[PDB]
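J.:
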Amino acid sequence: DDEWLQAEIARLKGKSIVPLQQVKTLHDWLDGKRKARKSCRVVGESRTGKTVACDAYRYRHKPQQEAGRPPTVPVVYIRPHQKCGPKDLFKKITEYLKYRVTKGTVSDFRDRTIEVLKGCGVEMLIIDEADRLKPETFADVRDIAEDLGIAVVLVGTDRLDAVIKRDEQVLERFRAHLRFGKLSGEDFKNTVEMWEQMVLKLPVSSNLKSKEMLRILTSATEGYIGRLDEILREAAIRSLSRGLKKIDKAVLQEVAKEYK
Amino acid sequence: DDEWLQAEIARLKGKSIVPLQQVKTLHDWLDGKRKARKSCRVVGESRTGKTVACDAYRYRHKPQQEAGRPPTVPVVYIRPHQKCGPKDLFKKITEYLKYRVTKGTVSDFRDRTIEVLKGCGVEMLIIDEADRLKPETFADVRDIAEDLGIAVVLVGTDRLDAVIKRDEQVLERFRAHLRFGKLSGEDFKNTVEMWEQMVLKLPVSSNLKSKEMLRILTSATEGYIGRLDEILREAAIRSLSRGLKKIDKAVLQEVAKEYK
Amino acid sequence: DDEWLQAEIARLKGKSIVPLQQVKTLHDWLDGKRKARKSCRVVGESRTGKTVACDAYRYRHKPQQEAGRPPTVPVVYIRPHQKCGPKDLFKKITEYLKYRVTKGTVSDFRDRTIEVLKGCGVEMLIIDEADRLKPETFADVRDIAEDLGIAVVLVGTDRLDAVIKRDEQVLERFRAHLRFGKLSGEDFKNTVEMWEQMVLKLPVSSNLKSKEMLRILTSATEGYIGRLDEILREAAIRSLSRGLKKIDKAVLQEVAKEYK
Amino acid sequence: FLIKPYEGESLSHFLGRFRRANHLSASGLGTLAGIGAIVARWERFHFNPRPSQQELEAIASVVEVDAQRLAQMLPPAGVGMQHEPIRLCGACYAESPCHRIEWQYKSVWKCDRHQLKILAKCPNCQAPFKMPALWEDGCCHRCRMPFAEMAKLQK
Amino acid sequence: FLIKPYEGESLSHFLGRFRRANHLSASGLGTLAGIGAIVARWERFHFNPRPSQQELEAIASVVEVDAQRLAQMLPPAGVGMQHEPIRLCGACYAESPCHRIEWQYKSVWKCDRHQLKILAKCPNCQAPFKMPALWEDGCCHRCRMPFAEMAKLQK
DNA sequence: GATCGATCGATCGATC
DNA sequence: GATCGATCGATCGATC
Ligand SMILES: Nc1ncnc2c1ncn2[C@@H]1O[C@H](COP(=O)(O)OP(=O)(O)OP(=O)(O)O)[C@@H](O)[C@H]1O
Ligand SMILES: Nc1ncnc2c1ncn2[C@@H]1O[C@H](COP(=O)(O)OP(=O)(O)OP(=O)(O)O)[C@@H](O)[C@H]1O
Ligand SMILES: Nc1ncnc2c1ncn2[C@@H]1O[C@H](COP(=O)(O)OP(=O)(O)OP(=O)(O)O)[C@@H](O)[C@H]1O
Ligand SMILES: [Mg+2]
Ligand SMILES: [Mg+2]
Ligand SMILES: [Mg+2]
Ligand SMILES: [Zn+2]
Ligand SMILES: [Zn+2]
């Protein structure tokens with residue numbers, strides 16, 4: 017049973033991807049923008065679930081490689097680090113395509129990245145956390161989208177909109193957006209129940225997400241998917257650590273007051 | 017039974033929304049002003065029940081959000097704090113729409129608020145306690161109602177009328193009003209009985225709001241819905257604390273003399 | 017006896033770690049967050065005893081090294097200096113793991129730090145004085161906690177909460193907290209007596225922390241553990257310097273008035 | 012507002028002149044072109060990482076001057092230049108109001124056209140010239156002597 | 012962090028791989044070994060003063076690979092090599108991720124194991140390969156094609 | 001019922 | 001990146 021407990025805590029520590037309507041709308045919109053090479057910018061709140069949805073859109077088109085030609089990668093997903101320069105961004109582009117870089121100038125990196133970007137037939141350039149990179153690199157991404165005809169999606173918090181607003185071309189070129197919703201409503205309750213069935217993966221104790229539990233989780237998460245995930249995982253782990261088979265009211269109260 | 021007593025006292029502490037003719041007239045008038053984008057100003061006494069009715073008109077049109085576009089919020093309800101400046105008001109507008117602010121000048125806040133206000137397709141701007149904000153902000157709300165075509169309802173006590181009277185444009189532009197009534201009469205008795213049935217939620221002991229009880233409550237509340245709510249809740253809690261199943265005459269006498 | 021006096025003054029100058037309920041709650045919470053890789057932020061007052069408790073949680077898991085593989089360090093404790101940049105922080109991370117840095121760019125330091133951080137199997141990243149580092153480094157710590165799955169605890173004064181509040185992602189991601197208490201009460205008296213027995217390490221003269229002494233120490237420390245330690249050590253050293261075997265009333269009065 | 016380059020005009024001078032015609036900061040031009048801080052680097056004649064084809068084409072798209080013509084605002088391959096001191100032939104400036112990239116060539120000390128030593132600071136007050144992108148008017152920023160009049164003090 | 016050499020691995024490739032495992036610059040490895048700038052010379056395949064016994068033993072002390080084994084990361088006596096172009100068999104790299112010193116032998120144009128011409132630049136984008144010490148990942152630094160995938164384009 | 005004058009206190013905003 | 005920089009905004013209170 018101790019081995020089972022370790023397996024349960026390890027599984028609860030690891031996060032999963034429950035496909036819900038938010039990510040469904042997102043990759044539908046992404047496919048629509050991809051079929052037309054339309055460069056947009058998906059925006060949303062923090063800790064709301066944009067990175068996971070972009071990740072899912074990345075894995076669904078797992079590149080299928082030919083026997084002797086470069087693997088064709090339709091969707092490129094990048095999350096450049098803080099104050100990412102042009103050399104760093106190009107390094108990341110050519111590294112995701114599995115082309116190790118060669119020491120050289122910024123022009124050399126640009127040329128190699130362009131070569132490998134046309135070579136693999138890339139369709140999408142998903143730049144998550146697009147509020148980190150310097151504005152001397154937005155010209156480079158503009159040139160990529162202009163000449164190579166690759167639909168670029170700039171992903172980030174609402175601060176990304178402020179970052180691009182002070183610029184001139186990047187704001188006009190990247191204007192289509194898809195704001196991530198708050199999810200509050202009956203769909204939120206559906207989310208809680210679906211999470212209970214799938215992610216918790218606990219024996220059926222008929223918790224059913226009663227009205228009191230819904231009120232507690234509404235007061236706790238404030239609509240955030242990430243907060244919901246964190247609270248659910250913390251409550252499950254705390255119940256399993258103290259021997260409780262299911263999740264009681266005291267643990268939700270404890271985790272809710274610990275958050276707020 | 018002690019758990020039941022705790023549930024009863026917790027429920028009695030929490031306030032509810034009984035829909036009566038006052039709020040019915042109010043949201044009928046609000047719908048009429050909304051269908052024409054007519055900016056009015058609902059006025060009334062203090063502790064009479066305007067905030068709750070505006071709140072009900074806010075929740076009835078719960079925003080329905082699209083899969084990937086901003087939620088469309090038809091009614092915006094705000095209650096700016098004391099001496100609310102223009103930056104504070106704009107912060108509140110864009111915060112209710114769930115767009116977290118970015119540090120910047122007053123012009124930046126104004127531009128972002130205008131952008132998010134046209135983005136969500138807002139129809140109503142309900143400014144409760146509209147006697148708090150500075151007169152350098154009435155120009156901003158005037159500009160909002162002028163250019164964005166959003167019917168603004170200025171809610172507040174009769175002091176709001178004096179505040180707007182000393183100004184020139186805000187008085188002429190916001191002239192339609194709906195004064196909240198005193199409710200005294202047979203409709204007041206209907207209110208007492210309806211409150212007894214719904215809000216008190218006590219076992220039927222045939223209190224029936226007899227003539228003596230009506231006289232006591234008339235002498236106590238002076239027509240105020242808020243005073244009626246406070247007196248009823250205090251009497252119920254005092255009866256339940258001393259073991260009395262129903263509400264006696266002594267508790268109404270005690271709460272009435274404690275008020276006046 | 018002079019050698020004994022020198023030993024006593026040297027011991028009194030050196031600080032110790034008395035394990036009390038504050039640090040017990042703290043490392044219990046830290047173990048709970050570690051078993052789930054949950055990144056939190058322990059907050060508290062100044063001169064209250066958070067650094068010592070985090071230090072104790074660091075030494076309890078003293079890394080056990082294999083014969084020929086890197087030592088596995090489960091808990092990493094850092095206290096970055098004022099205005100700590102990303103390069104400085106990465107230098108500190110790889111220096112604690114006993115990997116001396118090599119001259120290079122910020123990207124080189126980041127890559128080496130990531131390599132050594134996955135190599136040693138680190139579970140915790142305890143950033144004490146987390147109100148010092150620049151906000152261009154919070155993106156780096158966010159990336160660490162996001163990709164390497166290491167629970168980060170941001171430790172600092174209440175100013176750290178203000179520092180993270182103006183940011184967007186770091187506030188949402190790091191929301192679980194453990195405020196350090198004031199300790200005032202009977203537990204405070206237990207603290208005084210326990211300190212007298214252990215830290216003072218003086219011959220039993222039946223001081224017993226009488227009511228007058230408790231009143232003086234309450235007026236002096238205001239609940240701070242650090243102030244209690246400083247006052248006790250100063251009084252002991254002053255008594256031992258003037259030949260007094262035990263601690264008199266005059267020395268507490270002198271140190272109390274010297275503080276306030 | 013588009014501008015035609017002057018013959019021999021340096022990249023720094025041209026970029027600043029384009030920015031002045033459009034009320035743009037260096038960061039603003041960088042965002043318009045999608046290359047950010049690179050614009051300001053080029054304006055100060057910093058090219059340790061030499062201008063790439065993609066960067067030149069990005070600027071070319073905004074200013075509507077081909078990358079090949081932009082490359083003629085820099086020294087040819089193998090010709091060393093200096094970011095400092097910024098230099099000037101006043102007699103040239105009187106004929107065409109621009110800084111010439113040739114004046115930053117390490118091998119150049121005399122104007123061939125005018126057979127005069129080129130200037131490394133104002134000959135009236137000794138103030139060094141700013142980077143050419145900041146040559147807003149044709150005068151010394153300190154004493155206000157016109158660059159064209161400095162021709163009379165060239166040796 | 013110590014690393015076992017791959018069979019046939021060149022000295023440049025091995026030195027860079029050791030440096031990456033230890034987050035060392037070439038100058039840093041040189042100071043650790045007490046020989047300074049010699050490390051970077053060897054990484055670029057420059058051996059005007061061939062590696063001395065003392066220099067090989069100095070590096071051997073740090074990397075814990077005997078000088079005799081380090082000498083097998085260079086051509087045998089009498090075998091001429093070239094510092095340029097850096098070459099690659101992608102089919103070999105797929106089996107063992109290193110640059111082989113044999114690929115710099117002047118007499119070598121074909122991989123004997125795979126019976127393929129060895130590559131002197133990326134066959135996808137024509138970018139030359141960097142010195143082997145800088146082969147941080149197994150991909151072309153320009154187009155990002157994996158060296159292992161270049162096997163499919165070898166002739 | 002004007003009225004006059006002191007006062008201090010956030011506060012955003014340019015700016016070097 | 002603090003550092004001013006007015007500044008106006010009540011406000012209030014006696015007082016004649
Ligand atoms: N489709 C999903 N299925 C499961 N969990 C999800 C999903 N979408 C989001 N999450 C949860 O959301 C949290 C993080 O979300 P994500 O990283 O995508 O945020 P984001 O919207 O990109 O925001 P940020 O910019 O603040 O990082 C995690 O707890 C993750 O489990
Ligand atoms: N429709 C209603 N149903 C139930 N209670 C109501 C209703 N309308 C008002 N109340 C009661 O009135 C009290 C407060 O009313 P509300 O806050 O709306 O006042 P208001 O008229 O806006 O006045 P004020 O400006 O003085 O706050 C509460 O006790 C609340 O329960
Ligand atoms: N568990 C403990 N045992 C003994 N002394 C302690 C303990 N906790 C704190 N102290 C005392 O507290 C003082 C400093 O505490 P600490 O450095 O941990 O503070 P902190 O809460 O992190 O605050 P700050 O951020 O202001 O430095 C010292 O005098 C130290 O002896
Ligand atoms: Mg994210
Ligand atoms: Mg009200
Ligand atoms: Mg401390
Ligand atoms: Zn000339
Ligand atoms: Zn081969």
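Chains as they are written, first to last, in the authors' numbering: chain A, 17 to 276; chain G, 17 to 276; chain B, 17 to 276; chain R, 12 to 166; chain S, 12 to 166. Ideal Cβ positions, reconstructed from N, Cα and C, are used throughout, including at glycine.
Do three or more CB pairs link the region 32 to 41 of chain G to the region 256 to 263 of chain G at distances below 8 Å?
T.: Output reads no: the region 256 to 263 of chain G does not touch the region 32 to 41 of chain G.
J.: For ligand 6, which residues have a Cβ under 6 Å from at least one heavy atom, in chain order?
T.: That gives B:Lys-66, B:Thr-67.
J.: Throw me the rounded Cβ distance for the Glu-147 (chain S) and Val-117 (chain A) pair, which I believe falls under 8 Å.
T.: As a first step, residue 147 (chain S) must be located in the fifth sequence, where it is residue number 136. As a first step, residue 117 (chain A) must be located in the first sequence, where it is residue number 101. Their Cβ separation, rounded to whole angstroms, is 6 Å, which keeps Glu-147 (chain S) and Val-117 (chain A) in contact under 8 Å.
J.: For ligand 3, is there a heavy atom less than 8 Å away from the beta-carbon of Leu-36 (chain B)?
T.: Residue numbering aside, residue 36 (chain B) sits at position 20 when the third sequence is read from its first letter. Under cutoff, so the answer is yes.
J.: Consult DSSP for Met-210 (chain A) and reduce its assignment to one of helix, strand or coil.
T.: Counting from one through the first sequence, the residue named residue 210 (chain A) turns up at place 194. Correct three-state label for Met-210 (chain A): helix.
J.: Can you check which of these residues, A:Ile-253, A:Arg-85, A:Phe-204, is closest to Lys-51 (chain B) by C-alpha distance?
T.: Position 35 of the third sequence, counted from the first residue, corresponds to residue 51 (chain B). The shortest Cα separation from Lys-51 (chain B) among A:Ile-253, A:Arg-85, A:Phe-204 belongs to A:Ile-253.
J.: Roughly how many whole angstroms lie between the Cα atoms of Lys-227 (chain G) and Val-215 (chain G)?
T.: Within the second sequence, the letter at position 211 stands for residue 227 (chain G). Within the second sequence, the letter at position 199 stands for residue 215 (chain G). Distance between the alpha carbons of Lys-227 (chain G) and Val-215 (chain G) is about 20 Å.
J.: Considering only the alpha carbon of each residue, which of B:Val-157, B:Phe-154, B:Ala-83, B:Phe-196 lies closest to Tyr-240 (chain B)?
T.: In the third sequence, counting from the first residue as 1, residue 240 (chain B) sits at position 224. Closest option to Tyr-240 (chain B), Cα to Cα, is B:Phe-196.
J.: Please name the residues in the region 184 to 195 of chain A whose beta-carbon is closer than 7 Å to at least one beta-carbon of chain R, in chain order.
T.: Flagged, chain order: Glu-184, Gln-185, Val-186.
J.: Can you tell me whether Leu-218 (chain B) is helix, strand or coil according to DSSP?
T.: Position 202 of the third sequence, counted from the first residue, corresponds to residue 218 (chain B). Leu-218 (chain B): coil per DSSP, three-state reduction.
J.: What residues in the region 53 to 73 of chain B bring their beta carbon closer than 7 Å to a beta carbon of chain A?
T.: Taking 7 Å as the Cβ-Cβ cut-off against chain A, the residues of the region 53 to 73 of chain B that qualify are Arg-53, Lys-54.
J.: Can you give me, in chain order, the residues of the region 154 to 177 of chain B that have a beta carbon less than 7 Å from any beta carbon in chain A?
T.: Residues passing the 7 Å Cβ filter: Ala-155, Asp-156, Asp-159.
J.: May I ask you to report which of helix, strand or coil DSSP gives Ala-102 (chain S)?
T.: Residue mapping note: residue 102 (chain S) aligns to position 91 of the fifth sequence, counting from 1. In the structure shown, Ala-102 (chain S) sits in a helix (DSSP, three-state: H, G or I).
J.: Under DSSP, the beta strand (DSSP E) around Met-140 (chain B) begins and ends at which residues?
T.: Numbered from 1 along the third sequence, position 124 holds the residue referred to as residue 140 (chain B). Segment 140 to 143, the beta strand (DSSP E) holding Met-140 (chain B).
J.: Of the residues that make up the region 30 to 52 of chain S, which ones have a beta carbon closer than 9 Å to any beta carbon in chain B?
T.: If the cut-off is 9 Å between Cβ atoms, the region 30 to 52 of chain S has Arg-30, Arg-31, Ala-32, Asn-33, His-34, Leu-35, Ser-36, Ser-38, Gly-39, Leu-40 near chain B.
J.: Classify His-152 (chain S): buried if its beta carbon has 16 or more other beta carbons within 10 angstroms, exposed otherwise.
T.: Locating residue 152 (chain S) in the fifth sequence gives position 141, counting from the first residue. Label assigned to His-152 (chain S): buried.
J.: Quick one: what's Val-168 (chain A) bridged to in DSSP?
T.: Here residue 168 (chain A) refers to the residue found at position 152 when the first sequence is read from its first residue. DSSP, once it has assigned bridges, lists A:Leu-141 as partnering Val-168 (chain A).
J.: For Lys-205 (chain G), name the three-state secondary structure that DSSP assigns.
T.: Counting from one through the second sequence, the residue named residue 205 (chain G) turns up at place 189. The answer is helix: DSSP assigns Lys-205 (chain G) an H, G or I state.
J.: Kindly identify the DSSP beta-bridge partner or partners of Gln-80 (chain G).
T.: Locating residue 80 (chain G) in the second sequence gives position 64, where the first residue counts as 1. According to DSSP, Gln-80 (chain G) bridges with G:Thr-88.
J.: Can you check which of these residues, G:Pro-102, G:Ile-142, G:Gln-80, G:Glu-24, is closest to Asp-47 (chain G) by C-alpha distance?
T.: Along the second sequence, read from residue 1 onward, the residue named residue 47 (chain G) stands at position 31. It is G:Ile-142 whose Cα lies nearest to the Cα of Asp-47 (chain G).
J.: Alpha carbon to alpha carbon, how far is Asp-163 (chain B) from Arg-76 (chain A)? Give it in angstroms, no decimals.
T.: For the purposes of this step, residue 76 (chain A) is taken as residue 60 along the first sequence, with counting starting at 1. For the purposes of this step, residue 163 (chain B) is taken as residue 147 along the third sequence, with counting starting at 1. So the two alpha carbons sit approximately 20 Å from each other.
J.: Who are the neighbours of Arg-61 (chain R) on chain A, taking C-beta pairs under 7 Å?
T.: Mapped onto the fourth sequence, residue 61 (chain R) falls at position 50. Ordered by position in chain A, the residues that pass the 7 Å Cβ test against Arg-61 (chain R) are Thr-121, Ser-123.
J.: Throw me the rounded Cβ distance for the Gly-84 (chain G) and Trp-45 (chain A) pair, which I believe falls under 8 Å.
T.: Locating residue 84 (chain G) in the second sequence gives position 68, counting from the first residue. Locating residue 45 (chain A) in the first sequence gives position 29, counting from the first residue. Contact holds; Cβ gap of about 5 Å.
J.: I'd like to know whether the C-beta of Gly-137 (chain B) is nearer than 9 Å to at least one C-beta of chain A.
T.: One-based indexing of the third sequence puts residue 137 (chain B) at position 121. Taking Cβ atoms only, chain A never reaches closer than 9 Å to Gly-137 (chain B), which makes this a no.
J.: At a CB distance below 8 Å, what residues from the region 95 to 111 of chain S approach chain A? Give them in sequence order.
T.: For the region 95 to 111 of chain S, which is checked against every Cβ of chain A, not one residue is closer than 8 Å.
J.: Answer with buried or exposed for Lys-108 (chain A), where buried requires no fewer than 16 other C-beta atoms within 10 angstroms of its C-beta.
T.: Numbered from 1 along the first sequence, position 92 holds the residue referred to as residue 108 (chain A). It is buried - the Cβ of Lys-108 (chain A) has at least 16 other Cβ atoms within 10 Å.
J.: Express the C-alpha separation of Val-76 (chain S) and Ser-63 (chain S) in angstroms, rounding to a whole number.
T.: Here the question's residue 63 (chain S) lines up with position 52 in the fifth sequence. Here the question's residue 76 (chain S) lines up with position 65 in the fifth sequence. Looking at the two C-alpha atoms, the distance is approximately 16 Å.
J.: Please confirm whether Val-171 (chain B) and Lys-66 (chain B) have their CB atoms less than 9 Å apart.
T.: The residue you call residue 171 (chain B) lines up with position 155 of the third sequence. The residue you call residue 66 (chain B) lines up with position 50 of the third sequence. Contact flag set, yes.
J.: How far does the alpha helix (DSSP H) with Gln-93 (chain S) in it reach, from first residue to last?
T.: On the fifth sequence, residue 93 (chain S) is found 82 positions in, with the first residue counted as 1. Unbroken run through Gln-93 (chain S): none, as it is neither H nor E.
J.: With 9 Å as the threshold, decide whether the Cβ of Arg-182 (chain A) is near any Cβ in chain R.
T.: Indexing the first sequence from 1 puts residue 182 (chain A) at position 166. It does: the Cβ of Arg-182 (chain A) has a partner Cβ on chain R nearer than 9 Å.
J.: Examine the Cβ distances between the region 34 to 41 of chain S and the region 153 to 166 of chain S and report whether three or more of them are shorter than 8 Å.
T.: No, the region 34 to 41 of chain S does not touch the region 153 to 166 of chain S.
J.: Name the chain G residues whose beta carbon is nearer than 8 Å to that of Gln-37 (chain A)?
T.: As a first step, residue 37 (chain A) is located in the first sequence; it is residue number 21 there, counting from the start. Within 8 Å Cβ-Cβ: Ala-83.
J.: Please tell me whether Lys-273 (chain A) has its Cβ less than 9 Å away from any Cβ of chain G.
T.: Mapped onto the first sequence, residue 273 (chain A) falls at position 257. Chain G contact via Cβ: absent.
J.: The alpha helix (DSSP H) that contains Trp-20 (chain G), what's its start and end?
T.: The residue you call residue 20 (chain G) lines up with position 4 of the second sequence. From DSSP, the alpha helix (DSSP H) with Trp-20 (chain G) extends over 18 to 29.
J.: So, at 8 Å on beta carbons, what are the nonlocal neighbours of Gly-91 (chain S) in its own chain, with the 5 sequence-adjacent residues on each side left out?
T.: Position 80 of the fifth sequence, counted from the start, is the residue given in the question as residue 91 (chain S). Answer for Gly-91 (chain S): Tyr-116, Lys-117, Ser-118, listed in chain order.
J.: Since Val-186 (chain A) and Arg-158 (chain A) should fall inside the 8 Å C-beta cutoff, what is the C-beta to C-beta distance between them, to a whole number of angstroms?
T.: The count along the first sequence starts at 1 and reaches residue 186 (chain A) at position 170. The count along the first sequence starts at 1 and reaches residue 158 (chain A) at position 142. With a Cβ gap of about 6 Å, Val-186 (chain A) and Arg-158 (chain A) count as contacting.
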